[PDB]
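Presented below is the structure to which this report refers.
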Amino acid sequence: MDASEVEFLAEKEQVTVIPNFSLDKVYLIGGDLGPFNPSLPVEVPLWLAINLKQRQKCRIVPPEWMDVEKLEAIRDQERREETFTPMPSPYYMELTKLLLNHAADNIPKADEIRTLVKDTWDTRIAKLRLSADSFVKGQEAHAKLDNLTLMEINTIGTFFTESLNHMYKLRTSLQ
Amino acid sequence: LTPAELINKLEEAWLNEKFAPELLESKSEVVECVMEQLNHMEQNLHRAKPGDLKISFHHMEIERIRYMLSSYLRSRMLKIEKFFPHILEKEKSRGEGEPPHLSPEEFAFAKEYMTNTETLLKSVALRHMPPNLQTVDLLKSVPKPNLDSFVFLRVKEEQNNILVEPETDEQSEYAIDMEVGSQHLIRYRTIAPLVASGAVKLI
Amino acid sequence: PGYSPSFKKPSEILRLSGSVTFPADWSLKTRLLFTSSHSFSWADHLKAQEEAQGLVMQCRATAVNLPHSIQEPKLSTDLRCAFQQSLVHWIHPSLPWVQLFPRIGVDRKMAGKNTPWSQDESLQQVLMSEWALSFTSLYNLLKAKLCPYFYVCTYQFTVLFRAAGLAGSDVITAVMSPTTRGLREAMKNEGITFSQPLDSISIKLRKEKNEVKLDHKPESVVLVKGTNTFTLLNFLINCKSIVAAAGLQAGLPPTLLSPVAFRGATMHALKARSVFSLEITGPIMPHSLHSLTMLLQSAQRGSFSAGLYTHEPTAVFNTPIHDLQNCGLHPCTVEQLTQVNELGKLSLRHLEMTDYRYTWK
Amino acid sequence: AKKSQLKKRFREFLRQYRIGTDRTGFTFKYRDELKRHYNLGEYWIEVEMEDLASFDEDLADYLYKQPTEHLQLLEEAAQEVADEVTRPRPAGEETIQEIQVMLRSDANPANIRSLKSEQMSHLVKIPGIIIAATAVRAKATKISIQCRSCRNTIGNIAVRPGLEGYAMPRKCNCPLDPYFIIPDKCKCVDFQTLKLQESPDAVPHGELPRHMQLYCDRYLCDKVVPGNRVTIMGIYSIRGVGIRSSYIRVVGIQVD
Amino acid sequence: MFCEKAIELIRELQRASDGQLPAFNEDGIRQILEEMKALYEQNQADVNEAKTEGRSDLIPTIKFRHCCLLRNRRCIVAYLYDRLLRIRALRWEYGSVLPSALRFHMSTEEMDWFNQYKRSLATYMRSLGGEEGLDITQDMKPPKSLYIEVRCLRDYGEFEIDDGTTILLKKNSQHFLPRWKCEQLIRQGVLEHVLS
Amino acid sequence: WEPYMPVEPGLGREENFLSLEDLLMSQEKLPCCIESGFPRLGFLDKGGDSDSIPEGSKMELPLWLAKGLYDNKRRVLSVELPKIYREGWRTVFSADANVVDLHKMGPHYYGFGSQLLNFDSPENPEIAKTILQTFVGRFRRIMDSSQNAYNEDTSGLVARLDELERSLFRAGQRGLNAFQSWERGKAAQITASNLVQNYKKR
Ligand SMILES: [Zn+2]
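Top to bottom, those sequences are chains N, Q, R, D, M and O.
Reminder that position 1 of the first sequence reads as 1 in PDB author numbering, one-by-one numbering, no gaps.
Reminder that position 49 of the second sequence reads as 67 in PDB author numbering, one-by-one numbering, no gaps.
So the third sequence is residues 6 to 22, 155 to 335, 395 to 471, 485 to 531, 541 to 579, counted in PDB author numbering.
So the fourth sequence is residues 27 to 199, 208 to 273, 287 to 303, counted in PDB author numbering.
Reminder that position 141 of the fifth sequence reads as 141 in PDB author numbering, one-by-one numbering, no gaps.
Reminder that position 42 of the sixth sequence reads as 43 in PDB author numbering, one-by-one numbering, no gaps.
Written out as structure tokens, the structure reads:
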């Protein structure tokens, strides 16, 4: 599963935009789009928000968790517990990248947000590497990977699983 | 069933099909419903006056759903092409009351593919072979799915007393109590029925 | 509302759309899993009276004969009392915070534990003296035919003393599975007469190479018979390699297992848990397995399947070797255990009972 | 002290430098490189000088004129950043290794004959050709001493880098000078000395080429063999009446 | 000994790992078939000699020759199947019409297999849903926008859209066409996706 | 989406009939002794003058032939282990597994070692353990080399790896490059496949 497909699953979260045009309700297959009134918030899927921002027709409102204090608290919590910790969103990295790259004049203090998300990502990736090493060293058959997002799995997947398959084949041969 | 739930079922089927080593159960009803909705929405979009932004919204949504449907069908086709003999043999001995694994079109496609392969191999090589050695059993040559591959999963319905490595006592802990919403790394053979019954999602 | 007069709401479109008995196994199982169509819930929520009666029955050697079939197991007190009786064994060393049954090849579960005997020496001597007394008492019980058998589990090898008559023999025996050349030569220089049933000095080493090939392997099984078992007991008590002097199991005396009480014994119980399926864990001795099968035959109306997990270094005990009423065993168990060993270096891995017929796998 | 502020500024430079535009994407350049090198087993990084100037012009200007202390602070900052990026290390690798920082720049190179006496203890960039080398000896960095009489121990003494020693104490705190170095309680690094010759074209007419002694340490050893054209970036320093030998502590090599 | 030609034929295929269907090797297959026929004749003669005249010592030779024959069949079967695998991808990459360059390296039976595979694939595509079916070959990447900027890389005459108007594809020219009309051209190598 | 999908080799004691790599691994020769002579097959031995191979001769037959002619009765052929799998090299492997060169020892080490288990011997429980411990000991360095190597010549890192480890290295390298290309915003380009470009090169 390539990273583009993982982004494709992260382009369906809900974000708030403040449009400038006016449009009535739109009946999409996945839901009902709220009435589009200028200078009035209307929640839309992330792909629509990105398209509107690229076409100069909206103004993205930052999500709640995108604050310096909250991100610092999350980073400090992550660097404290041995196992993984819950994240403010299951697609925090993709959301951060897309929002900070496509709409940075609306989001304030983007640089510190990008610096803290990166630290949390680095710590979680190091924990995942330790988990993989311990799994292979101990010749285990099960592992509990809680609170782990999809992109972090995609980083090491298709390498961990194949190594485990070969190890299992070499582990039960006389039987 | 709202259309949103139909789309969610399509997404779940797509993800489950991508990570499974074997060919999972067919879901032709969802495919037909999604296809019908797309077909209706095409004309619904065509009627609308040009220059409307709703045209862009609906067209983007249609392009966003068609890709998922095509990817799911492509994965099924590739799995059928890689393991046609075993799949056909399992279909021949299918028992009533067990859900089918192949839609009729896929069954016809598999038959045609097997016929093409057998005819080509026979005509090209087997005719000029020694008379004693001219029969090749495709059930013992084409590879088989590796049901022991490790997969990632997320649990939806709680399961208790799950046996890890049932055939060996070497493992220190052999019992796992799966909770709701947790994720585990485990072999596919152990949790195949859970995926089949919808209690576990492969992500 | 704004759409062209042919627009169908997305929801609107979807609205429109067989031997009598199994052969005797002398290996030590470590986990049992019984599966049956009927319910195993009778072996749960045992009352206090049932447990007390089971313990007393085990200590007083009471034989229980259940009827041919039971239709209401949950209301049968005899069945549950017999279950509690069947889940009782005796182990000499009583250290609750240390694992003691699997002593060979178990270091992950022995890591990071509070072991004061590893360093202190007077404590180790006290433990050794108590172990010697318990071993002597157990052998004396075995000699008078008041105990059928007992296992001695060191950290390198395992011994099994059998009474006179068991496994087709006619005298007291003893079996040491992983023997080495040095240990065998030490036995020779003490009066023990054993028999394995399975540069000029450089040339002598070459000759020993044929002898030292299967060492540290199950093919070095040693069989001692007759009165030599007494000298074997004394040698084992006075040996200097029974107790490890370096490692995780440093200073820990060997574990003693027995189906009957002896001086220094500690009453123990096996863990039973039903999920239909029933799981029993712990050191499983042959009499426990036979009693469990006898109970499940009546409880499940002669239809169940069993999956046995075996301790590998004790599988070679099945090697053939050829008045037990007071030994404290059921007469059916005595009849089964007084057979001829058919298996060799092999242990049961799957037992299936259908329509009161046994088809072991 | 100002040392702590400088170290914090270097850490911020390492943690916050990014390359790219918002039309394609941004990638942190030195933090990722530090993580990758530390996981691979190579404990070094190559820090450019225009990047540091763009981040903080004062910090770059304090490295072109007082390289010793500022380079030491930069190396300590690199060690701390590398420790925080790979914080959950596997069992047995809890202790954090020291990181060596190499410098690089695109400035116009100087000449060996243009090195005045004013440019002492300054970063210089001189080309040349290597004509000699020595065997890889050992240079101490951490030493522990012990008294001969009362066997008092003073451990974890630090020795300055380069061809510079450590004056041993006289008072025992037991005759005069009772301290000897404990052999096994010493941490050492690689050590090599080269000879750089002036380029064949920069030599004036009717004159033999001049030479200059170089100093290489840790991962810079065994990188250049005699007969190679190199461009050297290093610290001009000193090792008749008042005459002192001058060498060049090499902090970067670009083999041509 | 034996099987040398077969193993050389397998090595030839294994050298070109990244697809790149090579020219069909006929002489090697002919020599392998001749060797197999000779081995079969000698084996049958030995079998008759051991059958009627009582020569029990010839059995290991029969086993040896039978094993050699089995290996020779295995090599040819694998060689044919790998070429089939390489040929299949041409349907999914180079549209439907095969370029003459690739066709020149294909055998007649392989071409018939390709045509039958194409017909079966088309039938399956049409079977899906109502009217014209859903073309699985297209839409091979997640969608991101409706219109994409593209630039030609070679002359391709004129490319027609459903509106009835063609576009003169000349090298170094750019058009702001919709995505769903150019994806196949991009994948074939006739266009290049230009990003801002 | 990889266009060309060849048949994967089968690890363990079982091969794949259609696998090309397994078709080359079995070609490797193995020491053997002819327990019962092969009459009329002496033409195979160029040095031997007789038309029949005598009883008791020793030859290095290919693995496929040894597997075909083998029988537990051991009346037609006997198999001797190669040097790499005997005790002398097994102890060296047990010493440290990251220092050996499993590309010169044998291009297929794990596969051939597993195939050696088909022939019965009293040392199989040790061969299997040695192979498993070698893989376990060499996994970590392969993972670290594959993950943490961006824009650098990898020919120096894959020069001492056998084919299975090389495939694992390729998997790790393609798992790293995908993420790095995503972060740099180059994953949003519709590009032709590698096969098309390689064909265009011709
Ligand atoms: Zn002193």
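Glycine included, every Cβ here is placed at the ideal spot set by N, Cα and C.
Beta-bridge pairing of residue i - partner residues as DSSP gives them
i      : result
O/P63  : O/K30
Q/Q201 : Q/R172
R/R469 : R/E488
D/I266 : D/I152, D/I300
Outcome for residue i when other beta-carbon atoms lying within 10 angstroms are tallied against a minimum of 16
i      : result
M/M111 : exposed
R/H499 : buried
M/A38  : exposed
R/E560 : exposed
R/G562 : exposed
R/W234 : exposed
N/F84  : buried
M/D82  : buried
O/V100 : exposed
R/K14  : exposed
M/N115 : exposed
R/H205 : exposed
Cβ-Cβ separation, residue j to residue i (assumed contact under 8 Å), whole Å
i      : j      : result
O/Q190 : M/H66  : O/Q190 to M/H66, Cβ: 56 Å. No contact.
O/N17  : D/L66  : That belief does not hold up - the Cβ atoms of O/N17 and D/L66 are roughly 35 Å apart, past 8 Å.
M/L102 : M/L90  : 6 Å
D/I71  : D/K55  : Actually they are not in contact, since the Cβ atoms of D/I71 and D/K55 sit about 10 Å apart, beyond 8 Å.
R/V312 : R/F526 : 6 Å
R/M494 : R/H229 : Actually they are not in contact, since the Cβ atoms of R/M494 and R/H229 sit about 15 Å apart, beyond 8 Å.
D/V150 : D/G299 : 11 Å between Cβ atoms; not a contact.
M/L134 : Q/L87  : 7 Å
Test item: CB-CB of residue i and residue j under 9 Å
i      : j      : result
O/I132 : O/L162 : no
O/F120 : M/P60  : no
N/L150 : O/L12  : no
N/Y92  : N/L9   : no
N/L145 : N/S163 : no
R/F12  : Q/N179 : no
N/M1   : Q/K36  : yes
D/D251 : D/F225 : yes
Amino acids of chain O, ordered along the chain, whose beta-carbon sits closer than 7 Å to that of residue i
i     : result
M/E93 : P4, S194, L196, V197
M/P60 : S37, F39, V77
Under 8 Å by beta carbon: chain N residues contacting residue i
i                      : result
R/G7                   : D24, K25
R/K14                  : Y27
residue 248 of chain M : No information on residue 248 of chain M is available, as it lies outside the stretch 1 to 196 that chain M covers here.
Q/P21                  : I29, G30
O/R14                  : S173
7 Å Cβ cut-off: residues of chain D touching residue i
i      : result
N/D133 : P116
N/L130 : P114, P116
Contacts of residue i in chain Q (Cβ-Cβ under 8 Å)
i      : result
O/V8   : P161
O/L19  : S159, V160, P161
N/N165 : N164, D166, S167, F168
Beta-carbon neighbours of residue i, restricted to chain O and to distances below 8 Å
i     : result
D/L66 : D145, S146, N149, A150
Chain-ordered chain M contacts of residue i [CB-CB under 8 Å]
i      : result
O/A179 : What O/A179 touches in chain M: nothing, since even the nearest Cβ is about 13 Å away.
Chain M contact residues for residue i, given Cβ-Cβ distances below 7 Å
i     : result
Q/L87 : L134
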